[PDB]
Number of protein chains: 2
Amino acid sequence: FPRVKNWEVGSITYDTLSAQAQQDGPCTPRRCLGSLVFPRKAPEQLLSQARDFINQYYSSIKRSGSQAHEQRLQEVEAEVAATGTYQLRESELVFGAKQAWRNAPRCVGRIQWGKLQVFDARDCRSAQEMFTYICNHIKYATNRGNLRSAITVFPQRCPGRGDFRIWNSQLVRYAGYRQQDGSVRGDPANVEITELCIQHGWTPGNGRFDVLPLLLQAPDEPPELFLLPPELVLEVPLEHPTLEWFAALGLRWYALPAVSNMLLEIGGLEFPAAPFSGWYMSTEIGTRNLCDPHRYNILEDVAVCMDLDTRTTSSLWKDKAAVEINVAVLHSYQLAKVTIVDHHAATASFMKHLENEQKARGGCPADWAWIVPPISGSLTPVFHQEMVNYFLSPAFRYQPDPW
Amino acid sequence: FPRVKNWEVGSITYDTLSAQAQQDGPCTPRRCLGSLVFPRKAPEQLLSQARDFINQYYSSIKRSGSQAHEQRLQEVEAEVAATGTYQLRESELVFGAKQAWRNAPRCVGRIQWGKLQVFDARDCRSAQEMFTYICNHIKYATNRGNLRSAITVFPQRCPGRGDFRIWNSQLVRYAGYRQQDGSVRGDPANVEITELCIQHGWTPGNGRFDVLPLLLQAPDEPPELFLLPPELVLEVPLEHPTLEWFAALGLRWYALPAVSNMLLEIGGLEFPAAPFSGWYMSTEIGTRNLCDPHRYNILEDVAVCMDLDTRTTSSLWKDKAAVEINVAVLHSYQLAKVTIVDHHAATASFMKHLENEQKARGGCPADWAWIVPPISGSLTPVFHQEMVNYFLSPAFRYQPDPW
Ligand code: HEM
Ligand code: HEM
Ligand SMILES: N=C(Nc1ccc(CCNCc2cccc(NC(=N)c3cncs3)c2)cc1)c1cncs1
Ligand SMILES: N=C(Nc1ccc(CCNCc2cccc(NC(=N)c3cncs3)c2)cc1)c1cncs1
Ligand SMILES: C[C@H](O)[C@H](O)[C@H]1CNc2nc(N)[nH]c(=O)c2N1
Ligand SMILES: C[C@H](O)[C@H](O)[C@H]1CNc2nc(N)[nH]c(=O)c2N1
Ligand SMILES: [Ca+2]
Ligand SMILES: [Ca+2]
Ligand SMILES: [Cl-]
Ligand SMILES: [Cl-]
Ligand SMILES: [Gd]
Ligand SMILES: [Gd]
Ligand SMILES: [Zn+2]
């Protein structure tokens, strides 16, 4: 059991849950690979994961080993012998979706993990039904700006059948257009999906903030291109409380972060289409999406407008510009009554989550590199907290792109 | 070999040097412990370490497999067989100290690793001569503000005789006076060594920036107290370029960071006293030392004087105050003409180092959590660089406090 210390307070805890880690991460005693974004890369096997998820579920509701427990087990045995897969009960699916959030080591927002709206789309067929399940997700989750966590679970993977996939990495993304001068107009992260929407017959725009269509894929069919109703996509134009020229930069961002390209794994079952959404932490927008050199890369533009000395690094013009962009994000979302959390509040809440989980299950998988915010690292309490990273199931996992 | 990606550029390398990692770290495939501050804690083993180190030395001078190379291997073999230990040649000690720096995964300053002044103190015989070696180090390294990197190597550990030790964690450190109610006047990080100085006869001040004496330990002797000559301890009064009241906070910091409590390991030999010094990166002073809640903890005081809304996190008052403190540190050192580097220049030079080392050795041991600075993380290039962490020798190691 690894000993983990908080260096600001001096307290000591032991992570006993890590002993239960299901799958293997990339690290070995010879070398640590914790900084890598991708830690890389049947029926008797499926049953072993299915059984242990069922034992988890019944333990969580006290029905440990009771009458319903053994019958659920024998039910799954027969289903897999008959079909090669099995179906989850609706409560097992809700439980599994929440635990997979709960287990996500890179999520700072997990204090909220017990509050998630699960929409069961497992009866889905055709891309037009996908699109309708999706549009209902967006409307429920946006809630006119009072954002609410939700996940929509499309049908699981099963043998011989194609897959339900959402090709977009998020439900709301801005286009990125390659151009003759080499660079990109819009979001460079989305250059690949933007030329795929264009390939599949989408006439493009020419703005830096053109909302992309959806490329939805039903099993064993090409993807179909749907346009989101513009009144369903809530956006926040960015202004600054005191810098009147900030608004003239024409920056904006969207209200709803809805990740649509990860795979949900519950009890050996795999759901390659299960978009989930919550709300944003301010640094995600104002530091990473707007100030990453390979994203909108606006930081020098703001610094020029602030009349900072951009010819020496030691003036900290980069630091001052980033702070005001983050201020603009917080101010604009609050003025628009869209849910947003600043990085100080979020990390403080994650510390409370760590304490809750220490008592609930003896530890908490956490990825320090991703929990610590991308600005003001050591000004937040998570910087001073040692963390243990490991993989538990149910889980959210990366998956190959469909194409 | 592990594949390593830079996400700003897209470039990919493979760290083939990690396959040579001798000593094991704390991670397993089950769980990564990369965020822990302390990752750890006879003839034929000594020989294999000595042989490896000699091989390194002769590769470094492009004379591998030469007559000199084979003869030095045999010579080390004969001395170990006769005495159980051996002595480094002078040239080997210089090379080994530079390689220990080169190998230190938590150091962002390693672009400089070849420029290191190595003072050989292995004939030192008393605490009094120890103090003279230390004063000569400080005088050379300080160089009236034009800082020069240096290390002084005291005698190696050997059987049947105590170690040389410097009890202080750095050669220059401010007193921390622990108060009855748990508060501290001075630097809270130095409360232990402050109480040991007093217990060993030092008459304490009552300031916040009182320079501590040195407790110097010769073999098999209690530590002895030595006062540093005030004229050898260069200090920088802190002022801000545009906030004139900042000067009235009465803050100061010292010019020379000189770590004195780590163990230097070279070719299986151990040097428990081997102080080394370079110059500061400004975030060490302005962010960690002055703004850590468990250090000087000045953030709220500064934010109040700047008239910031400290009642709500979403004002980003902490971020704004931390930036101006960091500006004051850089401005103040530049005004005093004392060497300092800001976190942007330092991290840019570290990216150059990684490219150099990829060519030279096929990889570079790097601790992401320590290389990324404590403010403005994703605004520096190292945030977006995947890193592999591992232990090479020669090495600087932690060791228990001698009391
Ligand atoms: C309720 C508000 C939420 C906030 C403020 C929040 C915050 C965050 C942040 C800042 C990250 C780091 C993402 C990045 O830097 O790219 C993250 C990661 C993650 N979150 Fe949360 N999150 C929330 C809700 C949710 C929900 C509802 C789920 C799923 C049910 C979830 C699952 C995940 C996963 C799987 C990751 C890791 C993604 C990856 O590894 O790429 N989060 N979260
Ligand atoms: C020349 C300018 C240098 C700069 C700007 C620099 C910078 C740094 C910084 C910022 C750290 C992190 C320290 C902390 O957070 O406590 C570090 C760690 C370290 N530095 Fe450097 N350094 C320099 C020179 C040197 C030299 C000359 C040596 C040894 C000969 C050295 C050896 C180390 C080691 C071993 C560590 C790891 C300390 C630990 O693990 O606690 N550095 N350095
Ligand atoms: N895509 C590539 N790299 C890449 C890899 C990983 C990433 C990180 C993507 N995380 C997006 C994300 C995930 C989780 C939470 C949020 N934020 C939230 N607050 C919420 C979202 N939902 C409910 S809350 C955002 C980005 C890019 C490529 C590599 N090669 C060609 S493309
Ligand atoms: N305090 C404890 N732990 C503790 C453990 C580790 C640490 C980290 C200590 N880094 C000090 C340091 C190291 C390397 C470089 C610099 N900076 C420079 N620029 C240079 C210095 N030389 C040439 S360049 C500063 C600090 C505290 C305790 C344990 N038990 C009771 S207290
Ligand atoms: C190389 C490194 O793992 C990569 O840049 C990580 C670091 N930490 C992160 N932290 C968050 N929150 N989001 C990220 O995308 C990343 N990227
Ligand atoms: C818990 C965590 O490892 C600890 O706070 C580390 C994080 N990164 C660091 N990085 C540097 N450069 N110096 C430090 O002291 C630390 N502290
Ligand atoms: Ca100007
Ligand atoms: Ca000899
Ligand atoms: Cl995003
Ligand atoms: Cl220091
Ligand atoms: Gd102007
Ligand atoms: Gd002024
Ligand atoms: Zn690891």
# chains A, B, ... in the order shown; residues from 1 in each chain; ligands from 1
$ residues_around --residues "residue 251 (chain B)" --least-positions-apart "5" --cutoff "12 Å" --atoms "only C-alpha atoms" --output "list in words"
residues 174, 186, 187, 207, 208, 209, 210, 235, 236, 237, 238, 239, 240, 245, 246, 285, 286, 289, 290, 296, 298, 302, 325, 328, 329 and 332 of chain B
$ interface_residues --of "chain B" --to "chain A" --cutoff "8 Å" --atoms "only C-alpha atoms" --output "PDB file with N, CA and C atoms, in the first residue's frame"
ATOM      1  N   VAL B   4       7.801   8.840 -27.501  1.00  0.00           N
ATOM      2  CA  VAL B   4       7.672  10.098 -26.761  1.00  0.00           C
ATOM      3  C   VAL B   4       7.258  11.205 -27.728  1.00  0.00           C
ATOM      4  N   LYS B   5       6.141  11.869 -27.446  1.00  0.00           N
ATOM      5  CA  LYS B   5       5.570  12.843 -28.366  1.00  0.00           C
ATOM      6  C   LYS B   5       5.638  14.258 -27.806  1.00  0.00           C
ATOM      7  N   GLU B   8       3.005  20.033 -29.003  1.00  0.00           N
ATOM      8  CA  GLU B   8       2.989  21.340 -29.645  1.00  0.00           C
ATOM      9  C   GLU B   8       3.345  21.228 -31.122  1.00  0.00           C
ATOM     10  N   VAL B   9       4.283  20.346 -31.447  1.00  0.00           N
ATOM     11  CA  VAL B   9       4.844  20.225 -32.784  1.00  0.00           C
ATOM     12  C   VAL B   9       4.381  18.964 -33.501  1.00  0.00           C
ATOM     13  N   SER B  18      16.561   5.008 -21.726  1.00  0.00           N
ATOM     14  CA  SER B  18      15.887   4.464 -20.554  1.00  0.00           C
ATOM     15  C   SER B  18      16.119   2.964 -20.386  1.00  0.00           C
ATOM     16  N   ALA B  19      16.389   2.237 -21.478  1.00  0.00           N
ATOM     17  CA  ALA B  19      16.634   0.803 -21.373  1.00  0.00           C
ATOM     18  C   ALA B  19      17.877   0.493 -20.556  1.00  0.00           C
ATOM     19  N   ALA B  21      18.582   2.036 -17.685  1.00  0.00           N
ATOM     20  CA  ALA B  21      18.374   2.489 -16.315  1.00  0.00           C
ATOM     21  C   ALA B  21      18.773   1.407 -15.324  1.00  0.00           C
ATOM     22  N   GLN B  22      19.736   1.733 -14.473  1.00  0.00           N
ATOM     23  CA  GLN B  22      20.151   0.816 -13.426  1.00  0.00           C
ATOM     24  C   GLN B  22      19.065   0.730 -12.361  1.00  0.00           C
ATOM     25  N   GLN B  23      19.067   1.656 -11.406  1.00  0.00           N
ATOM     26  CA  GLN B  23      18.286   1.454 -10.198  1.00  0.00           C
ATOM     27  C   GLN B  23      16.807   1.692 -10.455  1.00  0.00           C
ATOM     28  N   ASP B  24      15.988   0.969  -9.703  1.00  0.00           N
ATOM     29  CA  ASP B  24      14.565   0.907  -9.961  1.00  0.00           C
ATOM     30  C   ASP B  24      13.838   2.031  -9.233  1.00  0.00           C
ATOM     31  N   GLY B  25      12.788   2.540  -9.866  1.00  0.00           N
ATOM     32  CA  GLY B  25      11.946   3.521  -9.241  1.00  0.00           C
ATOM     33  C   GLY B  25      10.729   2.898  -8.587  1.00  0.00           C
ATOM     34  N   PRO B  26       9.777   3.742  -8.195  1.00  0.00           N
ATOM     35  CA  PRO B  26       8.625   3.280  -7.402  1.00  0.00           C
ATOM     36  C   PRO B  26       7.393   2.851  -8.195  1.00  0.00           C
ATOM     37  N   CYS B  27       7.373   3.007  -9.509  1.00  0.00           N
ATOM     38  CA  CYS B  27       6.180   2.665 -10.269  1.00  0.00           C
ATOM     39  C   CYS B  27       6.145   1.185 -10.597  1.00  0.00           C
ATOM     40  N   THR B  28       4.921   0.671 -10.805  1.00  0.00           N
ATOM     41  CA  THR B  28       4.730  -0.663 -11.365  1.00  0.00           C
ATOM     42  C   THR B  28       3.675  -0.574 -12.462  1.00  0.00           C
ATOM     43  N   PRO B  29       3.515  -1.620 -13.282  1.00  0.00           N
ATOM     44  CA  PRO B  29       2.361  -1.662 -14.193  1.00  0.00           C
ATOM     45  C   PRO B  29       1.031  -1.518 -13.471  1.00  0.00           C
ATOM     46  N   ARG B  30       0.969  -1.844 -12.182  1.00  0.00           N
ATOM     47  CA  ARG B  30      -0.272  -1.741 -11.424  1.00  0.00           C
ATOM     48  C   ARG B  30      -0.603  -0.300 -11.043  1.00  0.00           C
ATOM     49  N   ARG B  31       0.406   0.532 -10.785  1.00  0.00           N
ATOM     50  CA  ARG B  31       0.156   1.870 -10.263  1.00  0.00           C
ATOM     51  C   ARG B  31       1.400   2.727 -10.446  1.00  0.00           C
ATOM     52  N   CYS B  32       1.188   3.964 -10.873  1.00  0.00           N
ATOM     53  CA  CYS B  32       2.263   4.933 -11.063  1.00  0.00           C
ATOM     54  C   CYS B  32       2.371   5.827  -9.833  1.00  0.00           C
ATOM     55  N   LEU B  33       3.588   5.947  -9.297  1.00  0.00           N
ATOM     56  CA  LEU B  33       3.888   6.796  -8.149  1.00  0.00           C
ATOM     57  C   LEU B  33       4.792   7.958  -8.534  1.00  0.00           C
ATOM     58  N   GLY B  34       4.703   8.396  -9.787  1.00  0.00           N
ATOM     59  CA  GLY B  34       5.613   9.419 -10.276  1.00  0.00           C
ATOM     60  C   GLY B  34       5.509  10.746  -9.542  1.00  0.00           C
ATOM     61  N   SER B  35       4.381  11.008  -8.876  1.00  0.00           N
ATOM     62  CA  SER B  35       4.212  12.296  -8.221  1.00  0.00           C
ATOM     63  C   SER B  35       4.772  12.327  -6.804  1.00  0.00           C
ATOM     64  N   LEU B  36       5.335  11.226  -6.313  1.00  0.00           N
ATOM     65  CA  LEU B  36       5.842  11.207  -4.949  1.00  0.00           C
ATOM     66  C   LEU B  36       7.186  11.941  -4.863  1.00  0.00           C
ATOM     67  N   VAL B  37       7.346  12.746  -3.805  1.00  0.00           N
ATOM     68  CA  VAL B  37       8.548  13.559  -3.627  1.00  0.00           C
ATOM     69  C   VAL B  37       9.769  12.676  -3.387  1.00  0.00           C
ATOM     70  N   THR B 287       7.377  32.347  -6.530  1.00  0.00           N
ATOM     71  CA  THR B 287       6.184  31.513  -6.413  1.00  0.00           C
ATOM     72  C   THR B 287       6.273  30.530  -5.249  1.00  0.00           C
ATOM     73  N   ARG B 288       7.288  29.660  -5.219  1.00  0.00           N
ATOM     74  CA  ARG B 288       7.298  28.650  -4.163  1.00  0.00           C
ATOM     75  C   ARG B 288       7.725  29.262  -2.828  1.00  0.00           C
ATOM     76  N   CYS B 291       5.281  32.439  -1.916  1.00  0.00           N
ATOM     77  CA  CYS B 291       3.825  32.275  -1.983  1.00  0.00           C
ATOM     78  C   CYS B 291       3.291  30.917  -1.545  1.00  0.00           C
ATOM     79  N   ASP B 292       4.133  29.911  -1.334  1.00  0.00           N
ATOM     80  CA  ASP B 292       3.624  28.665  -0.762  1.00  0.00           C
ATOM     81  C   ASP B 292       2.938  28.973   0.571  1.00  0.00           C
ATOM     82  N   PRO B 293       1.758  28.399   0.836  1.00  0.00           N
ATOM     83  CA  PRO B 293       1.084  28.655   2.122  1.00  0.00           C
ATOM     84  C   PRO B 293       1.919  28.249   3.315  1.00  0.00           C
ATOM     85  N   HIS B 294       2.770  27.237   3.152  1.00  0.00           N
ATOM     86  CA  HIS B 294       3.649  26.749   4.204  1.00  0.00           C
ATOM     87  C   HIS B 294       5.054  27.334   4.113  1.00  0.00           C
ATOM     88  N   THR B 313     -12.743  33.616  -5.418  1.00  0.00           N
ATOM     89  CA  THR B 313     -11.675  32.988  -6.183  1.00  0.00           C
ATOM     90  C   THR B 313     -11.721  33.412  -7.640  1.00  0.00           C
ATOM     91  N   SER B 314     -12.918  33.666  -8.165  1.00  0.00           N
ATOM     92  CA  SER B 314     -13.093  33.915  -9.588  1.00  0.00           C
ATOM     93  C   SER B 314     -12.598  35.288 -10.010  1.00  0.00           C
ATOM     94  N   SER B 315     -12.190  36.137  -9.064  1.00  0.00           N
ATOM     95  CA  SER B 315     -11.456  37.349  -9.410  1.00  0.00           C
ATOM     96  C   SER B 315     -10.033  37.051  -9.846  1.00  0.00           C
ATOM     97  N   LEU B 316      -9.549  35.839  -9.592  1.00  0.00           N
ATOM     98  CA  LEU B 316      -8.177  35.464  -9.936  1.00  0.00           C
ATOM     99  C   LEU B 316      -7.167  36.366  -9.231  1.00  0.00           C
ATOM    100  N   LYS B 318      -5.355  35.626  -6.615  1.00  0.00           N
ATOM    101  CA  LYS B 318      -4.125  34.883  -6.365  1.00  0.00           C
ATOM    102  C   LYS B 318      -3.215  34.911  -7.586  1.00  0.00           C
ATOM    103  N   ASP B 319      -3.784  34.656  -8.769  1.00  0.00           N
ATOM    104  CA  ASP B 319      -2.991  34.613  -9.987  1.00  0.00           C
ATOM    105  C   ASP B 319      -2.349  35.970 -10.266  1.00  0.00           C
ATOM    106  N   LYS B 320      -3.124  37.057 -10.122  1.00  0.00           N
ATOM    107  CA  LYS B 320      -2.598  38.396 -10.373  1.00  0.00           C
ATOM    108  C   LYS B 320      -1.512  38.776  -9.381  1.00  0.00           C
ATOM    109  N   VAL B 323       1.780  36.841 -10.140  1.00  0.00           N
ATOM    110  CA  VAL B 323       2.505  37.400 -11.278  1.00  0.00           C
ATOM    111  C   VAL B 323       3.336  38.601 -10.836  1.00  0.00           C
ATOM    112  N   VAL B 327       7.338  39.239 -11.076  1.00  0.00           N
ATOM    113  CA  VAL B 327       7.940  40.412 -11.705  1.00  0.00           C
ATOM    114  C   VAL B 327       8.916  41.097 -10.752  1.00  0.00           C
ATOM    115  N   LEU B 330      12.326  39.208 -10.549  1.00  0.00           N
ATOM    116  CA  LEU B 330      13.176  39.366 -11.733  1.00  0.00           C
ATOM    117  C   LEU B 330      13.711  40.788 -11.846  1.00  0.00           C
ATOM    118  N   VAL B 341      17.194  33.568 -14.034  1.00  0.00           N
ATOM    119  CA  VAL B 341      16.539  33.230 -15.293  1.00  0.00           C
ATOM    120  C   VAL B 341      15.043  33.054 -15.033  1.00  0.00           C
ATOM    121  N   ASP B 342      14.202  33.595 -15.924  1.00  0.00           N
ATOM    122  CA  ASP B 342      12.762  33.422 -15.735  1.00  0.00           C
ATOM    123  C   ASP B 342      12.340  32.053 -16.259  1.00  0.00           C
ATOM    124  N   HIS B 344      10.324  31.119 -18.503  1.00  0.00           N
ATOM    125  CA  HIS B 344      10.138  30.948 -19.940  1.00  0.00           C
ATOM    126  C   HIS B 344      11.467  30.667 -20.622  1.00  0.00           C
ATOM    127  N   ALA B 345      12.485  31.446 -20.272  1.00  0.00           N
ATOM    128  CA  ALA B 345      13.812  31.247 -20.832  1.00  0.00           C
ATOM    129  C   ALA B 345      14.373  29.904 -20.391  1.00  0.00           C
ATOM    130  N   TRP B 368       8.489  15.199 -15.408  1.00  0.00           N
ATOM    131  CA  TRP B 368       7.562  16.217 -15.899  1.00  0.00           C
ATOM    132  C   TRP B 368       7.067  17.131 -14.777  1.00  0.00           C
ATOM    133  N   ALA B 369       6.614  16.545 -13.667  1.00  0.00           N
ATOM    134  CA  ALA B 369       6.004  17.346 -12.603  1.00  0.00           C
ATOM    135  C   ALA B 369       6.973  18.365 -12.009  1.00  0.00           C
ATOM    136  N   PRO B 373       7.072  24.504 -14.630  1.00  0.00           N
ATOM    137  CA  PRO B 373       7.181  25.465 -13.530  1.00  0.00           C
ATOM    138  C   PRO B 373       5.867  25.611 -12.781  1.00  0.00           C
ATOM    139  N   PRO B 374       5.913  26.133 -11.548  1.00  0.00           N
ATOM    140  CA  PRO B 374       4.712  26.149 -10.694  1.00  0.00           C
ATOM    141  C   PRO B 374       3.694  27.213 -11.039  1.00  0.00           C
ATOM    142  N   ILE B 375       4.018  28.159 -11.918  1.00  0.00           N
ATOM    143  CA  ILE B 375       3.013  29.022 -12.527  1.00  0.00           C
ATOM    144  C   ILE B 375       3.161  28.908 -14.039  1.00  0.00           C
ATOM    145  N   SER B 376       2.099  29.286 -14.748  1.00  0.00           N
ATOM    146  CA  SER B 376       2.120  29.407 -16.206  1.00  0.00           C
ATOM    147  C   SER B 376       2.543  28.117 -16.915  1.00  0.00           C
ATOM    148  N   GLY B 377       2.304  26.961 -16.292  1.00  0.00           N
ATOM    149  CA  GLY B 377       2.715  25.691 -16.850  1.00  0.00           C
ATOM    150  C   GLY B 377       2.527  25.471 -18.341  1.00  0.00           C
ATOM    151  N   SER B 378       1.277  25.498 -18.832  1.00  0.00           N
ATOM    152  CA  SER B 378       1.049  25.241 -20.248  1.00  0.00           C
ATOM    153  C   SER B 378       1.506  26.392 -21.142  1.00  0.00           C
ATOM    154  N   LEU B 379       1.924  27.515 -20.578  1.00  0.00           N
ATOM    155  CA  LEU B 379       2.499  28.575 -21.400  1.00  0.00           C
ATOM    156  C   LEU B 379       3.967  28.340 -21.699  1.00  0.00           C
ATOM    157  N   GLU B 386       6.137  15.133 -23.780  1.00  0.00           N
ATOM    158  CA  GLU B 386       6.110  13.906 -22.999  1.00  0.00           C
ATOM    159  C   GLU B 386       7.526  13.596 -22.513  1.00  0.00           C
ATOM    160  N   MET B 387       7.630  13.023 -21.320  1.00  0.00           N
ATOM    161  CA  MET B 387       8.928  12.790 -20.715  1.00  0.00           C
ATOM    162  C   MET B 387       8.955  11.396 -20.105  1.00  0.00           C
ATOM    163  N   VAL B 388      10.148  10.799 -20.105  1.00  0.00           N
ATOM    164  CA  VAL B 388      10.405   9.498 -19.495  1.00  0.00           C
ATOM    165  C   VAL B 388      11.303   9.742 -18.290  1.00  0.00           C
ATOM    166  N   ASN B 389      10.926   9.191 -17.142  1.00  0.00           N
ATOM    167  CA  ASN B 389      11.661   9.391 -15.894  1.00  0.00           C
ATOM    168  C   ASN B 389      12.381   8.104 -15.493  1.00  0.00           C
ATOM    169  N   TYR B 390      13.665   8.206 -15.150  1.00  0.00           N
ATOM    170  CA  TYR B 390      14.426   7.015 -14.772  1.00  0.00           C
ATOM    171  C   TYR B 390      15.744   7.449 -14.148  1.00  0.00           C
ATOM    172  N   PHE B 391      16.432   6.490 -13.527  1.00  0.00           N
ATOM    173  CA  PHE B 391      17.590   6.790 -12.692  1.00  0.00           C
ATOM    174  C   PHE B 391      18.854   6.310 -13.392  1.00  0.00           C
TER     175      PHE B 391
END
$ select_by_dssp --residues "region 126-264 of chain A" --states "strand (DSSP E)" --output "list in words"
residues 150, 151, 152, 153, 165, 166, 176, 177, 178, 184, 185, 186, 214, 215, 216, 217, 224, 225, 226, 235, 236, 237, 252, 253, 254, 258, 259, 263 and 264 of chain A
$ residues_around --residues "residue 351 (chain B)" --least-positions-apart "3" --cutoff "9 Å" --atoms "only C-alpha atoms" --output "list in words"
residues 111, 346, 347, 348, 354, 355, 356, 381, 382 and 385 of chain B
$ write_last_selection --atoms "N, CA, C and O atoms" --output "PDB file, in the first residue's frame"
ATOM      1  N   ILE B 111      20.878  22.463 -19.479  1.00  0.00           N
ATOM      2  CA  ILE B 111      21.575  22.931 -20.670  1.00  0.00           C
ATOM      3  C   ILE B 111      23.007  23.342 -20.309  1.00  0.00           C
ATOM      4  O   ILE B 111      23.917  23.244 -21.140  1.00  0.00           O
ATOM      5  N   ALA B 346      14.196  29.579 -19.109  1.00  0.00           N
ATOM      6  CA  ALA B 346      14.700  28.310 -18.584  1.00  0.00           C
ATOM      7  C   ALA B 346      14.087  27.111 -19.302  1.00  0.00           C
ATOM      8  O   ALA B 346      14.795  26.167 -19.686  1.00  0.00           O
ATOM      9  N   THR B 347      12.759  27.107 -19.471  1.00  0.00           N
ATOM     10  CA  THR B 347      12.135  25.958 -20.116  1.00  0.00           C
ATOM     11  C   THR B 347      12.471  25.900 -21.602  1.00  0.00           C
ATOM     12  O   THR B 347      12.611  24.804 -22.158  1.00  0.00           O
ATOM     13  N   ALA B 348      12.613  27.056 -22.264  1.00  0.00           N
ATOM     14  CA  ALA B 348      13.020  27.030 -23.666  1.00  0.00           C
ATOM     15  C   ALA B 348      14.419  26.435 -23.798  1.00  0.00           C
ATOM     16  O   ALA B 348      14.696  25.665 -24.726  1.00  0.00           O
ATOM     17  N   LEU B 354      16.933  18.791 -24.328  1.00  0.00           N
ATOM     18  CA  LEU B 354      16.353  17.514 -24.734  1.00  0.00           C
ATOM     19  C   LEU B 354      16.769  17.144 -26.154  1.00  0.00           C
ATOM     20  O   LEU B 354      17.072  15.981 -26.443  1.00  0.00           O
ATOM     21  N   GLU B 355      16.778  18.121 -27.063  1.00  0.00           N
ATOM     22  CA  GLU B 355      17.187  17.818 -28.431  1.00  0.00           C
ATOM     23  C   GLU B 355      18.656  17.430 -28.480  1.00  0.00           C
ATOM     24  O   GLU B 355      19.046  16.511 -29.212  1.00  0.00           O
ATOM     25  N   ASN B 356      19.484  18.125 -27.704  1.00  0.00           N
ATOM     26  CA  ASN B 356      20.903  17.785 -27.650  1.00  0.00           C
ATOM     27  C   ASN B 356      21.086  16.355 -27.171  1.00  0.00           C
ATOM     28  O   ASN B 356      21.828  15.569 -27.774  1.00  0.00           O
ATOM     29  N   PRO B 381       7.026  25.561 -23.137  1.00  0.00           N
ATOM     30  CA  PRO B 381       7.062  24.441 -24.092  1.00  0.00           C
ATOM     31  C   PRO B 381       7.159  23.072 -23.436  1.00  0.00           C
ATOM     32  O   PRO B 381       6.799  22.080 -24.081  1.00  0.00           O
ATOM     33  N   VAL B 382       7.632  22.976 -22.184  1.00  0.00           N
ATOM     34  CA  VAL B 382       7.863  21.654 -21.586  1.00  0.00           C
ATOM     35  C   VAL B 382       6.560  20.994 -21.152  1.00  0.00           C
ATOM     36  O   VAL B 382       6.493  19.761 -21.049  1.00  0.00           O
ATOM     37  N   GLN B 385       5.522  18.490 -23.716  1.00  0.00           N
ATOM     38  CA  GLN B 385       6.544  17.511 -24.066  1.00  0.00           C
ATOM     39  C   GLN B 385       6.387  16.288 -23.172  1.00  0.00           C
ATOM     40  O   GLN B 385       6.482  16.395 -21.945  1.00  0.00           O
TER      41      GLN B 385
END
$ residues_around --residues "region 79-86 of chain A" --least-positions-apart "3" --cutoff "8 Å" --atoms "only C-alpha atoms" --output "MDAnalysis selection string"
chainID A and resid 43 46:47 75:76 158:159 269
$ write_last_selection --atoms "C-alpha atoms" --output "short mmCIF file (atom, residue, chain, number, x, y, z; two decimals), in the first residue's frame"
data_model
loop_
_atom_site.label_atom_id
_atom_site.label_comp_id
_atom_site.auth_asym_id
_atom_site.auth_seq_id
_atom_site.Cartn_x
_atom_site.Cartn_y
_atom_site.Cartn_z
CA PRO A 43 -16.47 -15.50 -23.75
CA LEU A 46 -15.99 -11.48 -21.07
CA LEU A 47 -17.59 -13.47 -18.26
CA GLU A 75 -28.62 -14.83 -15.82
CA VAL A 76 -25.47 -13.40 -17.42
CA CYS A 158 -21.32 -7.08 -30.20
CA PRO A 159 -19.83 -9.76 -32.48
CA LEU A 269 -19.22 -4.63 -22.32
#
$ decode --residues "region 173-189 of chain B" --atoms "C-alpha atoms" --output "PDB file, in the first residue's frame"
ATOM      1  CA  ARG B 173      19.208  29.759   4.325  1.00  0.00           C
ATOM      2  CA  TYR B 174      17.001  32.055   6.382  1.00  0.00           C
ATOM      3  CA  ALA B 175      16.232  31.294  10.013  1.00  0.00           C
ATOM      4  CA  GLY B 176      12.790  29.962  10.859  1.00  0.00           C
ATOM      5  CA  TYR B 177      11.769  30.658  14.476  1.00  0.00           C
ATOM      6  CA  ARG B 178       8.943  28.315  15.434  1.00  0.00           C
ATOM      7  CA  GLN B 179       6.465  30.043  17.724  1.00  0.00           C
ATOM      8  CA  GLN B 180       4.528  28.578  20.635  1.00  0.00           C
ATOM      9  CA  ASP B 181       1.189  28.714  18.774  1.00  0.00           C
ATOM     10  CA  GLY B 182       2.537  26.887  15.716  1.00  0.00           C
ATOM     11  CA  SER B 183       3.269  30.094  13.815  1.00  0.00           C
ATOM     12  CA  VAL B 184       6.743  30.785  12.419  1.00  0.00           C
ATOM     13  CA  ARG B 185       8.853  33.911  12.108  1.00  0.00           C
ATOM     14  CA  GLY B 186      11.130  33.477   9.104  1.00  0.00           C
ATOM     15  CA  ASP B 187      11.229  30.565   6.694  1.00  0.00           C
ATOM     16  CA  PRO B 188       9.065  27.651   7.948  1.00  0.00           C
ATOM     17  CA  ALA B 189      11.105  25.212   5.827  1.00  0.00           C
TER      18      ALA B 189
END
